[PDB]
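A.B. asks: What follows is the file model-v1.cif, containing mmCIF, C-alpha atoms:
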```cif
data_final
loop_
_atom_site.group_PDB
_atom_site.id
_atom_site.type_symbol
_atom_site.label_atom_id
_atom_site.label_comp_id
_atom_site.auth_asym_id
_atom_site.auth_seq_id
_atom_site.Cartn_x
_atom_site.Cartn_y
_atom_site.Cartn_z
ATOM 1 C CA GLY A 1 85.617 59.521 56.018
ATOM 2 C CA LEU A 2 85.422 62.362 58.526
ATOM 3 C CA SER A 3 82.827 62.088 61.286
ATOM 4 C CA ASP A 4 80.095 64.676 61.799
ATOM 5 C CA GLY A 5 82.028 66.047 64.787
ATOM 6 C CA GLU A 6 85.208 66.325 62.742
ATOM 7 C CA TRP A 7 83.419 68.272 60.012
ATOM 8 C CA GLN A 8 81.904 70.505 62.668
ATOM 9 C CA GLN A 9 85.363 71.394 63.982
ATOM 10 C CA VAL A 10 86.553 72.102 60.436
ATOM 11 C CA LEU A 11 83.624 74.425 59.810
ATOM 12 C CA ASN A 12 84.030 76.070 63.217
ATOM 13 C CA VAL A 13 87.617 77.130 62.574
ATOM 14 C CA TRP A 14 86.759 78.013 58.964
ATOM 15 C CA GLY A 15 84.241 80.508 60.347
ATOM 16 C CA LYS A 16 87.232 82.234 61.967
ATOM 17 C CA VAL A 17 88.998 82.333 58.592
ATOM 18 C CA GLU A 18 85.943 83.915 56.944
ATOM 19 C CA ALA A 19 86.076 86.708 59.511
ATOM 20 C CA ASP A 20 89.338 87.930 57.823
ATOM 21 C CA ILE A 21 89.824 85.926 54.623
ATOM 22 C CA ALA A 22 92.390 88.184 52.903
ATOM 23 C CA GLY A 23 94.629 88.359 56.000
ATOM 24 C CA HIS A 24 94.514 84.585 56.338
ATOM 25 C CA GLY A 25 95.135 84.049 52.604
ATOM 26 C CA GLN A 26 98.097 86.384 52.662
ATOM 27 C CA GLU A 27 99.621 84.648 55.698
ATOM 28 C CA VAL A 28 99.087 81.190 54.176
ATOM 29 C CA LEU A 29 100.790 82.102 50.905
ATOM 30 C CA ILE A 30 103.676 83.835 52.665
ATOM 31 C CA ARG A 31 104.197 80.782 54.897
ATOM 32 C CA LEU A 32 104.107 78.561 51.801
ATOM 33 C CA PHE A 33 106.480 80.704 49.740
ATOM 34 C CA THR A 34 109.016 81.339 52.493
ATOM 35 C CA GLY A 35 109.063 77.698 53.617
ATOM 36 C CA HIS A 36 109.000 76.269 50.088
ATOM 37 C CA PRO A 37 110.582 78.662 47.553
ATOM 38 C CA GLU A 38 110.191 75.998 44.837
ATOM 39 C CA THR A 39 106.430 76.609 45.029
ATOM 40 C CA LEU A 40 106.858 80.301 44.427
ATOM 41 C CA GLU A 41 108.396 79.427 41.019
ATOM 42 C CA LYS A 42 104.948 78.246 39.858
ATOM 43 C CA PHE A 43 103.622 81.826 40.168
ATOM 44 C CA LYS A 44 104.706 84.030 37.240
ATOM 45 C CA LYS A 45 103.197 87.056 38.969
ATOM 46 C CA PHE A 46 104.873 86.598 42.359
ATOM 47 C CA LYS A 47 108.304 84.998 42.124
ATOM 48 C CA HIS A 48 109.897 88.472 41.827
ATOM 49 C CA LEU A 49 109.031 88.841 45.546
ATOM 50 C CA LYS A 50 112.237 87.872 47.348
ATOM 51 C CA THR A 51 111.367 88.476 51.017
ATOM 52 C CA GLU A 52 108.447 88.190 53.407
ATOM 53 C CA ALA A 53 108.301 91.989 53.626
ATOM 54 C CA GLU A 54 107.937 92.397 49.860
ATOM 55 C CA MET A 55 105.304 89.639 49.866
ATOM 56 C CA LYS A 56 103.347 91.342 52.670
ATOM 57 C CA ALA A 57 103.255 94.585 50.678
ATOM 58 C CA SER A 58 101.893 92.916 47.521
ATOM 59 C CA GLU A 59 98.204 93.700 47.030
ATOM 60 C CA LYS A 60 98.075 91.139 44.180
ATOM 61 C CA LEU A 61 99.412 88.387 46.468
ATOM 62 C CA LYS A 62 96.768 89.263 49.048
ATOM 63 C CA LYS A 63 94.006 89.107 46.428
ATOM 64 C CA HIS A 64 95.223 85.711 45.291
ATOM 65 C CA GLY A 65 95.247 84.485 48.906
ATOM 66 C CA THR A 66 91.576 85.336 49.093
ATOM 67 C CA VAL A 67 90.909 83.486 45.787
ATOM 68 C CA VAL A 68 92.656 80.377 47.127
ATOM 69 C CA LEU A 69 90.934 80.313 50.519
ATOM 70 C CA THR A 70 87.537 81.156 49.045
ATOM 71 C CA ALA A 71 87.786 78.135 46.760
ATOM 72 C CA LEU A 72 89.061 75.902 49.543
ATOM 73 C CA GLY A 73 86.280 77.081 51.852
ATOM 74 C CA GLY A 74 83.662 76.175 49.255
ATOM 75 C CA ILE A 75 85.139 72.685 49.074
ATOM 76 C CA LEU A 76 85.367 72.260 52.859
ATOM 77 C CA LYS A 77 81.742 73.343 53.327
ATOM 78 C CA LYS A 78 80.697 70.427 51.073
ATOM 79 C CA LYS A 79 82.243 68.071 53.644
ATOM 80 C CA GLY A 80 82.486 64.537 52.212
ATOM 81 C CA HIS A 81 80.445 65.339 49.092
ATOM 82 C CA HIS A 82 82.864 67.826 47.580
ATOM 83 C CA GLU A 83 83.428 66.294 44.139
ATOM 84 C CA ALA A 84 81.392 68.889 42.195
ATOM 85 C CA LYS A 85 83.256 71.784 43.818
ATOM 86 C CA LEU A 86 86.629 70.051 43.611
ATOM 87 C CA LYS A 87 86.392 69.035 39.940
ATOM 88 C CA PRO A 88 87.171 72.374 38.257
ATOM 89 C CA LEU A 89 90.063 73.006 40.667
ATOM 90 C CA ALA A 90 91.611 69.617 39.912
ATOM 91 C CA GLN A 91 91.260 70.282 36.190
ATOM 92 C CA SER A 92 92.944 73.702 36.261
ATOM 93 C CA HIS A 93 95.740 72.496 38.549
ATOM 94 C CA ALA A 94 96.409 69.488 36.281
ATOM 95 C CA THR A 95 96.489 71.482 33.045
ATOM 96 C CA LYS A 96 97.211 75.166 33.369
ATOM 97 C CA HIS A 97 99.089 75.395 36.679
ATOM 98 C CA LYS A 98 100.656 71.909 36.894
ATOM 99 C CA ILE A 99 100.769 71.722 40.691
ATOM 100 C CA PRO A 100 102.189 68.514 42.140
ATOM 101 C CA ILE A 101 100.369 66.880 45.001
ATOM 102 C CA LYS A 102 103.446 67.500 47.195
ATOM 103 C CA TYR A 103 102.849 71.250 46.830
ATOM 104 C CA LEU A 104 99.250 70.744 47.969
ATOM 105 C CA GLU A 105 100.711 69.034 51.050
ATOM 106 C CA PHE A 106 102.913 72.077 51.601
ATOM 107 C CA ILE A 107 99.955 74.478 51.415
ATOM 108 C CA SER A 108 97.927 72.177 53.678
ATOM 109 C CA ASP A 109 100.678 72.403 56.274
ATOM 110 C CA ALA A 110 100.852 76.183 55.826
ATOM 111 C CA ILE A 111 97.107 76.451 56.473
ATOM 112 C CA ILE A 112 97.421 74.334 59.618
ATOM 113 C CA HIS A 113 100.372 76.432 60.792
ATOM 114 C CA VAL A 114 98.523 79.733 60.291
ATOM 115 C CA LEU A 115 95.372 78.437 61.989
ATOM 116 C CA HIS A 116 97.401 77.212 64.971
ATOM 117 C CA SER A 117 99.104 80.599 65.327
ATOM 118 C CA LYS A 118 96.013 82.814 64.783
ATOM 119 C CA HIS A 119 93.215 80.843 66.480
ATOM 120 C CA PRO A 120 94.428 78.774 69.429
ATOM 121 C CA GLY A 121 90.932 78.748 71.032
ATOM 122 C CA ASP A 122 89.281 77.278 67.936
ATOM 123 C CA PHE A 123 92.259 75.200 66.783
ATOM 124 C CA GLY A 124 93.298 72.908 69.597
ATOM 125 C CA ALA A 125 94.510 69.373 69.094
ATOM 126 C CA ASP A 126 91.159 67.803 68.074
ATOM 127 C CA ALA A 127 90.335 70.640 65.677
ATOM 128 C CA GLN A 128 93.819 70.390 64.168
ATOM 129 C CA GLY A 129 93.364 66.633 63.701
ATOM 130 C CA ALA A 130 90.037 67.235 61.970
ATOM 131 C CA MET A 131 91.450 69.873 59.613
ATOM 132 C CA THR A 132 94.426 67.625 58.864
ATOM 133 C CA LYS A 133 92.002 64.882 57.812
ATOM 134 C CA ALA A 134 89.895 67.299 55.747
ATOM 135 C CA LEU A 135 92.929 68.542 53.840
ATOM 136 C CA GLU A 136 94.107 64.949 53.321
ATOM 137 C CA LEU A 137 90.740 64.160 51.741
ATOM 138 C CA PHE A 138 91.088 67.245 49.521
ATOM 139 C CA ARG A 139 94.553 66.161 48.317
ATOM 140 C CA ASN A 140 93.587 62.555 47.863
ATOM 141 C CA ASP A 141 90.612 63.455 45.731
ATOM 142 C CA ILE A 142 92.636 65.886 43.629
ATOM 143 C CA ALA A 143 95.252 63.141 43.123
ATOM 144 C CA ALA A 144 92.530 60.769 41.866
ATOM 145 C CA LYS A 145 91.388 63.387 39.338
ATOM 146 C CA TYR A 146 94.966 64.091 38.243
ATOM 147 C CA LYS A 147 95.275 60.472 37.121
ATOM 148 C CA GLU A 148 92.217 60.821 34.872
ATOM 149 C CA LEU A 149 93.509 64.167 33.623
ATOM 150 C CA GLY A 150 96.885 62.742 32.588
ATOM 151 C CA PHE A 151 98.951 64.721 35.057
ATOM 152 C CA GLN A 152 101.557 62.798 37.045
ATOM 153 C CA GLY A 153 100.934 65.001 40.099
#
```
Transcribe the structure of this file into structure tokens.

C.D. replies:
Amino acid sequence: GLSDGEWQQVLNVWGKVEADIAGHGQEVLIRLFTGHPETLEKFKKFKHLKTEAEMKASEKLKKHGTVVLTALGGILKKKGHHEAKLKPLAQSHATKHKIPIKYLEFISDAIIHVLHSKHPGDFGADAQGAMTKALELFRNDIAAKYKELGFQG
């Protein structure tokens, strides 16, 4: 698992995210959608957005970014004992949204990219390593639930 120090670095940079959650959520989704257009196809509401500029102007996209990062934050703050918080997310993403684990890797990388660009003082190499591990644990645990839920992931 992650060490105490690793979780501390995760929570330290997450504090920076909480200081502007909608701006971060917007930037994460835009990075995801521009880098991986196949992921955008999973969003009925948003796949009409064909450029970064149209995405930036979408208030609905911004609100969803906040929904995503709020849920992720709740999971991260549970550190290694995140199963109760993770469970409903795994269930909805295995049934309603059908999100492959690969797409969770893509959003993990988008989060890391945005944190590197926005918060270089709180997201140096050790902090990035810690967040990488935290998001790996998130994906791994979702993948385990997907199996139970009958989704190939």

A.B. asks: Can you tell me which residues surround residue A:115 at a distance of at most 8 Å, considering only C-alpha atoms, apart from same-chain residues fewer than 5 positions away, and format the answer as a VMD selection string?

C.D. replies: chain A and resid 13 120 123

A.B. asks: Those same residues - C-alpha atoms - I'd like them written as a CSV table (one decimal), in the coordinates of the input.

C.D. replies:
```
chain,number,residue,atom,x,y,z
A,13,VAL,CA,87.6,77.1,62.6
A,120,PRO,CA,94.4,78.8,69.4
A,123,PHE,CA,92.3,75.2,66.8
```

A.B. asks: For the structure shown, which residues end up in the PyMOL selection byres ((chain A and resi 56) around 12)? Put them as a PyMOL selection string, please?

C.D. replies: chain A and resi 22-31+33-34+46+49-55+57-63+65

A.B. asks: Residues of the last selection are to be written out with C-alpha atoms, as a tab-separated table (two decimals), in the coordinates of the input.

C.D. replies:
```tsv
chain	number	residue	atom	x	y	z
A	22	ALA	CA	92.39	88.18	52.90
A	23	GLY	CA	94.63	88.36	56.00
A	24	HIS	CA	94.51	84.58	56.34
A	25	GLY	CA	95.14	84.05	52.60
A	26	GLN	CA	98.10	86.38	52.66
A	27	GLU	CA	99.62	84.65	55.70
A	28	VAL	CA	99.09	81.19	54.18
A	29	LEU	CA	100.79	82.10	50.90
A	30	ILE	CA	103.68	83.84	52.66
A	31	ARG	CA	104.20	80.78	54.90
A	33	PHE	CA	106.48	80.70	49.74
A	34	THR	CA	109.02	81.34	52.49
A	46	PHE	CA	104.87	86.60	42.36
A	49	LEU	CA	109.03	88.84	45.55
A	50	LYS	CA	112.24	87.87	47.35
A	51	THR	CA	111.37	88.48	51.02
A	52	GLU	CA	108.45	88.19	53.41
A	53	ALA	CA	108.30	91.99	53.63
A	54	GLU	CA	107.94	92.40	49.86
A	55	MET	CA	105.30	89.64	49.87
A	57	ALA	CA	103.26	94.58	50.68
A	58	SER	CA	101.89	92.92	47.52
A	59	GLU	CA	98.20	93.70	47.03
A	60	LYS	CA	98.08	91.14	44.18
A	61	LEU	CA	99.41	88.39	46.47
A	62	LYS	CA	96.77	89.26	49.05
A	63	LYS	CA	94.01	89.11	46.43
A	65	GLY	CA	95.25	84.48	48.91
```

A.B. asks: Counting all atoms listed in the file, which residues come within 12 Å of (95.8, 64.0, 36.0), with the point read in the file's coordinates, and could you list them as a ChimeraX atom specification?

C.D. replies: /A:87,89-101,141-153

A.B. asks: What's around residue A:128 at 10 Å? Count all atoms listed in the file, leave out sequence neighbours fewer than 6 positions away in its own chain, and write the answer as an MDAnalysis selection string.

C.D. replies: chainID A and resid 6 9:10 13 112:113 115:116 120 122 134

A.B. asks: What does the file look like for those residues with C-alpha atoms, as a PDB file, keeping the file's coordinate frame?

C.D. replies:
```pdb
ATOM      1  CA  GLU A   6      85.208  66.325  62.742  1.00  0.00           C
ATOM      2  CA  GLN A   9      85.363  71.394  63.982  1.00  0.00           C
ATOM      3  CA  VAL A  10      86.553  72.102  60.436  1.00  0.00           C
ATOM      4  CA  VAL A  13      87.617  77.130  62.574  1.00  0.00           C
ATOM      5  CA  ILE A 112      97.421  74.334  59.618  1.00  0.00           C
ATOM      6  CA  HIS A 113     100.372  76.432  60.792  1.00  0.00           C
ATOM      7  CA  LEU A 115      95.372  78.437  61.989  1.00  0.00           C
ATOM      8  CA  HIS A 116      97.401  77.212  64.971  1.00  0.00           C
ATOM      9  CA  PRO A 120      94.428  78.774  69.429  1.00  0.00           C
ATOM     10  CA  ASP A 122      89.281  77.278  67.936  1.00  0.00           C
ATOM     11  CA  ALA A 134      89.895  67.299  55.747  1.00  0.00           C
TER      12      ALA A 134
END
```

A.B. asks: Return the padded bounding box of stretch 41-53 of chain A as JSON: axis-aligned, built from all atoms listed in the file, 8 Å added on each side, with centre and edge lengths in Å to one decimal.

C.D. replies:
```
{"center_x": 107.7, "center_y": 85.1, "center_z": 45.4, "size_x": 25.0, "size_y": 29.7, "size_z": 32.4}
```

A.B. asks: Of the candidates A:135, A:127, A:11, A:69, which shows the shortest atom-to-atom distance to residue A:108, using only C-alpha atoms?

C.D. replies: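 Residue with the minimum atom-to-atom distance to residue A:108: A:135.
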
A.B. asks: With all atoms listed in the file as the basis for distance, which of A:32, A:4, A:130, A:76 is at the shortest distance from residue A:111?

C.D. replies: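 Of A:32, A:4, A:130, A:76, the one nearest residue A:111, counting all atoms listed in the file, is A:32.
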
A.B. asks: State, in Å with one decimal place, the distance from atom CA of residue A:7 to atom CA of residue A:20.

C.D. replies: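 Spanning atom CA of residue A:7 to atom CA of residue A:20 is a straight-line distance of 20.6 Å.
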
A.B. asks: Hey, which of A:110, A:104, A:79, A:18 ends up closest to residue A:5? Count only C-alpha atoms.

C.D. replies: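 Among A:110, A:104, A:79, A:18, it is A:79 that comes nearest to residue A:5.
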
A.B. asks: Give as a ChimeraX atom specification the residues that the PyMOL selection byres ((chain A and resi 73) around 10) matches when applied to the coordinates above.

C.D. replies: /A:10-11,14-15,17-18,21,67-72,74-78

A.B. asks: Could you turn the residues from that selection into a file that holds C-alpha atoms, as a tab-separated table (two decimals), in the frame of the given file?

C.D. replies:
```
chain	number	residue	atom	x	y	z
A	10	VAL	CA	86.55	72.10	60.44
A	11	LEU	CA	83.62	74.42	59.81
A	14	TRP	CA	86.76	78.01	58.96
A	15	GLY	CA	84.24	80.51	60.35
A	17	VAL	CA	89.00	82.33	58.59
A	18	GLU	CA	85.94	83.92	56.94
A	21	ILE	CA	89.82	85.93	54.62
A	67	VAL	CA	90.91	83.49	45.79
A	68	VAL	CA	92.66	80.38	47.13
A	69	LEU	CA	90.93	80.31	50.52
A	70	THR	CA	87.54	81.16	49.04
A	71	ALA	CA	87.79	78.14	46.76
A	72	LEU	CA	89.06	75.90	49.54
A	74	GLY	CA	83.66	76.18	49.26
A	75	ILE	CA	85.14	72.68	49.07
A	76	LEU	CA	85.37	72.26	52.86
A	77	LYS	CA	81.74	73.34	53.33
A	78	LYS	CA	80.70	70.43	51.07
```

A.B. asks: Could you jot down the atom CA of residue A:47 to atom CA of residue A:19 separation for me, Å, one decimal place?

C.D. replies: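 Calculated distance between atom CA of residue A:47 and atom CA of residue A:19 is 28.3 Å.
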
A.B. asks: Work out how far apart atom CA of residue A:85 and atom CA of residue A:1 are and give it in Å to one decimal.

C.D. replies: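 Computed distance, atom CA of residue A:85 to atom CA of residue A:1, equals 17.5 Å.
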
A.B. asks: Using only C-alpha atoms, which residue out of A:66, A:131, A:102, A:2 lies closest to residue A:39?

C.D. replies: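 Of the candidates, the smallest distance to residue A:39 is held by A:102.
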